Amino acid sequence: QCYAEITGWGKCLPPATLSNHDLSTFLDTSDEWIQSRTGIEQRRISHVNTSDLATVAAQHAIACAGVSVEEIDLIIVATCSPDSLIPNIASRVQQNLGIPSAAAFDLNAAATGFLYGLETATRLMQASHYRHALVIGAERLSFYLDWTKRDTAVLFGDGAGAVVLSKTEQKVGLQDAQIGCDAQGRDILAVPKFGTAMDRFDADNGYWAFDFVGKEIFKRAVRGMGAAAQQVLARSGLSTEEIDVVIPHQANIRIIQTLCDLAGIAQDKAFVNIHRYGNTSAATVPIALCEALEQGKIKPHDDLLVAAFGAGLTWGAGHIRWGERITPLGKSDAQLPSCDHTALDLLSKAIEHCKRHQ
């Protein structure tokens, strides 16, 4: 019996920051309206492609683990906002970092995608030859947004987080997990007309709907994550009080609170950074994990509960048993290219087109 220890962690938040005040200059919103409704104060807007965010997060995780490019046998990029479909963007991260031969694929399960990727990499390593893996959640959600619709435009942001996993005989890393999907929730969170469903030669094809039915998402998310977390805990043999830290998807602080309340988990165990970055889909969990470690929230031998949901409606939970080390082996100097524009300036073309079309 083998395990996949989380030996490296890293993040990449692009520098250009879009404040609530910035949003209020082109939408009928206020900092007060956005913060009360969402708990978000800021979010990041990338000046580079998704794959560039993924690359920097990966570099940080690699330095954190001290692994070489030869040692990496598997790369998974969890994303719903890839630069390209042909080829995938895991191969772009691979090209950028000069990693030979590793399997490289993109995994799409919306914001549950990092958890799906962690589950997938862990089992691949347990059942076959893979010695180390790189699992990245990376998104440029700002690509998708309808800048005339305040209820969705204020929720989402860009960023990436990564881990490195290393094979070990010690009982650490992801233990049990339950991942799933409530396909009866498929239509309540969706961009149905970006993809091959869209008309390639319709001049109005950029003005797609971003469907978001908040009350239904809340209900299905709490149900799906809750039952997954229960299945994992029940199988683990831990009592609820033995969970030390919760690392949740960052969609909505009230969902996190309801999840913990219904499970009987103390509210102060859940790591929250939604106020800084908004909902970055697949990136939420790995950024939160990296920052929890940075901030001293996770101790050696802690039990972590990971919980996430996303469009699909995908869902999942996982139990991680931490090992000995909570400190990076090395730091990376890796940085994104210079950002020469403010967030408002980055978004200008899209905002202007969305308004004109309206």
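Residue numbers here begin at 1 and follow the sequence given.
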| Should residue 240 be counted as unmodelled in at least a third of the other PDB entries compared? | no
| message | Given that the flanking residues are present, does residue 26 go without coordinates in at least a third of the other entries of this protein? | response | no
| query | Once you work out the mean C-alpha B-factor for both 148 to 156 and 271 to 279 from the entry, which is higher? | reply | 148 to 156
| task | Report the stretch with the higher mean CA temperature factor, choosing between 8 to 16 and 21 to 29 on the basis of the entry. | result | 21 to 29
| query | Highest Cα B-factor in the PDB entry belongs to which of 52, 324, 41, 303? | reply | 41
| Candidate set 254, 132, 123, 140 [ranked by C-alpha B-factor, highest] | 254
| Chain third (lowest, middle, highest) by recorded CA B-factor, residue given as residue 161 | lowest
| query | Based on the entry's values, in what third of the chain does the Cα temperature factor of residue 264 lie: lowest, middle or highest? | reply | middle
| field | Third of chain Cα B-factors occupied by residue 69 | value | highest
| field | Lowest, middle or highest third - CA B-factor, residue 106 | value | lowest
| said: Splitting the chain's C-alpha B-factors into thirds, which one does residue 100 fall into? | reply: middle
